[PDB]
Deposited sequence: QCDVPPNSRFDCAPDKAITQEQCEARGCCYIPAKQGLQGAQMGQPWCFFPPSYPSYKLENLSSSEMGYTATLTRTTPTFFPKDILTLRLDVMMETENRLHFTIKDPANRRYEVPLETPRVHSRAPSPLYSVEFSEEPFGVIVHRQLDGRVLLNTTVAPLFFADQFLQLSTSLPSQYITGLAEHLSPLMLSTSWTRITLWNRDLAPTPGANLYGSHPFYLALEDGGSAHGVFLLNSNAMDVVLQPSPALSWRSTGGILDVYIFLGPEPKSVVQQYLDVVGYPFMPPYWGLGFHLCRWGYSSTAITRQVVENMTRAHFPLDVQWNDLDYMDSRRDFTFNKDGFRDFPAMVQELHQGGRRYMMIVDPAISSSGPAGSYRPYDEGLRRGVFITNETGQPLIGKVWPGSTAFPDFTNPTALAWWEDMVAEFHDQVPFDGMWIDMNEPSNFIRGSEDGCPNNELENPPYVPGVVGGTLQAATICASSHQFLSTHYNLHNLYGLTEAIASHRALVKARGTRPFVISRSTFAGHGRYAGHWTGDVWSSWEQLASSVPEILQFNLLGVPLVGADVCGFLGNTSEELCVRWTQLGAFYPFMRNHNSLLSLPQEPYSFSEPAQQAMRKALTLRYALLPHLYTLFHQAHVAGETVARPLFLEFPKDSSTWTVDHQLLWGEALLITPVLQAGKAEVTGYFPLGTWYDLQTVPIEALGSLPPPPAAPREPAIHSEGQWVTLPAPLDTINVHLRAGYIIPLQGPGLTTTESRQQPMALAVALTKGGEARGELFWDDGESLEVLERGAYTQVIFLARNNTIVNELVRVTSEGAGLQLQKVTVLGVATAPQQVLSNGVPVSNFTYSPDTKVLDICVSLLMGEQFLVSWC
């Protein structure tokens, strides 16, 4: 009975230190580790739930689950209902609920055979999910007891391999460690460091299977939770409330698993085109004069900049929806001037609203009070905490009235200063004191029977009381949604205020966040370590459907070095959201603040990103319509190559662009994995060893300080556009194609183009979509949709990679071209043309 292999021992004392006598008294097994692995663990006979009265419907199955012997937690729910819904051929969904009481549930909008089968174990109860094609066991919850008590749910399963990713937000490799790892989801203001619960919580994992298939599991639960991985391999979800609401996505391809998950939580929002330009911010641009100098200094040194930002500096006494009348006296004019020059403007907004001002002197508070928009305490008054302005109340973004008040405050402020989006910070919600000015009461919500492994050892640490009252429920249940709900409210407020696509960047997030907003990784240090860690983290958020993500370029905390900021600017130009931001006391790190050689390297990075923007935009369109990733790990694209599975210091843009950054000081080369195929050096494409032929292998590449390695996959065509210091300017330039031929002379690509900012483009059909095809020494376009928005897009240059012999002639629509060049050393054919993306063309060579 207690002969259980070390790796398959499930912890029977997750709640407290326990003795042998206590362990045995719980009906558990005690065997000390020989050197984490639990000493007290469940025998196979440990009391669980029993399945009874299983029956079948057109939807799937239902059953009753009965527990006969209490667990060691209080308030077991002894009778539960199981509902199994076979929703699509790829998506299985099950719930375990209390049929006698509605429990808190996370608010969320809703040959022929499924890819899965489902079977059940009777006693102990478990759900077993097989992949039909190959019989692989994906889920098996029979491996450990089911616990379902009022403030403790535990459901375990075997995992199909040692390879699992997800469960943000944490500073870790992309592939998680199964060595007795405890992963805590409880949104928390803490600078990213390993082993800690950070700003967001996403209870989703993707698990790889031998051979390259995969599946995903989403537990729709917003309570504080630990997820415990052990090396058998196996996983335990351990939540402090709610219900078990479980989705399994069958893939089989990892990219399909992601798309299937996003079908449930929502596809990424389409950003405005300008949102993909460079953003520049710091805490400490303390006047409009200083802030204007940033744009002047960037422009004078030919650095592109689309969006100027301010941090707290603009506010009056650090309060939302104000600006001070000293340094920021002419804030409205500064923002109007930015617009006049073709740029946008972003500023920080915090959730907490100053509560200490004289009554009638501060409308956001006074109106909020009147309308009842704030989270309240035991006696029904606003919970008062401490943040930047001093004493503050906290908006309740589950209250419809608070949504309307937030819309009003944003619209009214926008009438004074026409900002183009919102940077929403401190929205965990972050509290400078514990719980509230008045502490928190003593009850089961503040002092629950199981506290997950949160920093500080309490749910109140750095945040508000858990038993505080919100419209939908207590904060205990809703905490992990605070940021998300604020992002939803801000998205709507911005739609209404501006009438064009919203641009929201948020610190705190929950599953489904990407449908409304983007994210940045928070207070990362200016260190080589954090530069390298940013790659897995950006990739992780793309797997979670938040493709508009990045880290603060050159780092936020501490002082960057020139070498670090070159390498960080190089890699960060491939963050889908690219912003350089800096803390109050740090040395300056704007691109123009460095030496000439460093400036040149930074300028090159920005120039290439701007050249790539039509392609990046199209990748975002694919994310938005099809649930694709924008930045993706090599394993998502080449999952049948098992050597890609642990690679997270390289990244792909889409299917075709491989970026291999230097991430260490003092390096002049880099070793990266190249999947099977031909990879062309993108430096061989004129922007205003030529080819790696890989069998699937590691390659060491020259990488001097001035360089980042970027390779284009054979078989693909990338649209490019001419230069500008803003997207307003760049969007008017002539376009180009980079055509990467296979050995057989084949390539394919696409362009999506719309006006860059309007709402409801796809629904109204107000966009142009063109496909490009290379075949048999010709290049053509295919006009999928041509509208007024794609009119007059001028194609003036076509660059072909992998042309093995010099051509004797090159034709564009049947006429010999004005001029072309061919380099026998690089196999590159560069062709000058006068064509239009929206009109059928044929280019050929022989």
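Engineer: When the deposited sequence is counted from residue 1, which ranges lack any model?
Structural biologist: The deposited sequence has unmodelled segments at 36-42, 118-123, 702-714.
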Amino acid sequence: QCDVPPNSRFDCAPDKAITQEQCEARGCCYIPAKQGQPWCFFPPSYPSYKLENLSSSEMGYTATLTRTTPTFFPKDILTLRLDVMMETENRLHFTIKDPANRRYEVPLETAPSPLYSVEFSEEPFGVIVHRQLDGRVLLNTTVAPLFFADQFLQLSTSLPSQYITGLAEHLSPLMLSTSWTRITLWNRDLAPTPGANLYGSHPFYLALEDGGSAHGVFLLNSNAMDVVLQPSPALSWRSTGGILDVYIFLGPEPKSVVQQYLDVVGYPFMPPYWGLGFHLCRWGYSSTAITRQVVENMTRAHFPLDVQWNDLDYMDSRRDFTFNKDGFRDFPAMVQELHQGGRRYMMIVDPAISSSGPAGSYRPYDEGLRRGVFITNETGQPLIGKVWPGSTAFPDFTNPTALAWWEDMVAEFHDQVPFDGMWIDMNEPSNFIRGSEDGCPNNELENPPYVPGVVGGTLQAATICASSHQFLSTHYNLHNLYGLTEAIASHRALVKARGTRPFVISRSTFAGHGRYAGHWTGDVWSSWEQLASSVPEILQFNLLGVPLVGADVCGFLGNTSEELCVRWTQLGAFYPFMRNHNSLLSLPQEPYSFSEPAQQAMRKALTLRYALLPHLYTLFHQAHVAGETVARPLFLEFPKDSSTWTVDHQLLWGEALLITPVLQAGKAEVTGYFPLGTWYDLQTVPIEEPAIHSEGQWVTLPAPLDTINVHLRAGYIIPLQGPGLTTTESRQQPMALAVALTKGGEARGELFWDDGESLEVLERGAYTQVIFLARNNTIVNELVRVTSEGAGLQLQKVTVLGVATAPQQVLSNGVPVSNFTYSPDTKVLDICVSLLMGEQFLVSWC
From here on, numbers count along this sequence of modelled residues.
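Engineer: Specify whether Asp350 falls into a modelling gap in a third or more of the other PDB entries of this protein.
Structural biologist: Negative; every one of those entries includes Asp350.
Engineer: At least a third of the other compared entries: do they leave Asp76 without coordinates?
Structural biologist: no, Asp76 modelled in all other entries.
Engineer: Give the stretch, out of 23-31 and 47-55, with the larger mean C-alpha temperature factor in the deposited entry.
Structural biologist: Between 47-55 and 23-31, it is 23-31 that shows the higher mean C-alpha B-factor.
Engineer: If you average the CA temperature factors over each stretch, which comes out higher, 285-293 or 202-210?
Structural biologist: The deposited B-factors put 285-293 ahead on the C-alpha mean.
Engineer: In terms of recorded Cα temperature factor, pick the maximum from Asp189, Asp263, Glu695, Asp408.
Structural biologist: The listed residue with the largest C-alpha B-factor is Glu695.
Engineer: Check the PDB entry and point out which of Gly242, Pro358, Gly572, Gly390 has the largest C-alpha temperature factor.
Structural biologist: Largest recorded C-alpha B-factor: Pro358.
Engineer: Split the chain's modelled residues into thirds by Cα B-factor; is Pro124 in the lowest, middle or highest one?
Structural biologist: Highest third - that is where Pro124 ends up once the chain's C-alpha B-factors are sorted.
Engineer: With respect to C-alpha B-factor, does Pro614 fall in the lowest, middle or highest third of the chain as deposited?
Structural biologist: Lowest third.
Engineer: Could you tell me which third, lowest, middle or highest, the C-alpha B-factor of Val710 occupies within its chain?
Structural biologist: Tercile = middle for this residue's CA B-factor.
Engineer: Report the third (lowest, middle or highest) to which the CA temperature factor of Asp311 belongs, ranking only the modelled residues of the same chain.
Structural biologist: Lowest third - that is where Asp311 ends up once the chain's C-alpha B-factors are sorted.
Engineer: Could you say whether, by C-alpha temperature factor, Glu378 belongs to the lowest, middle or highest third of its chain?
Structural biologist: Tercile = highest for this residue's CA B-factor.
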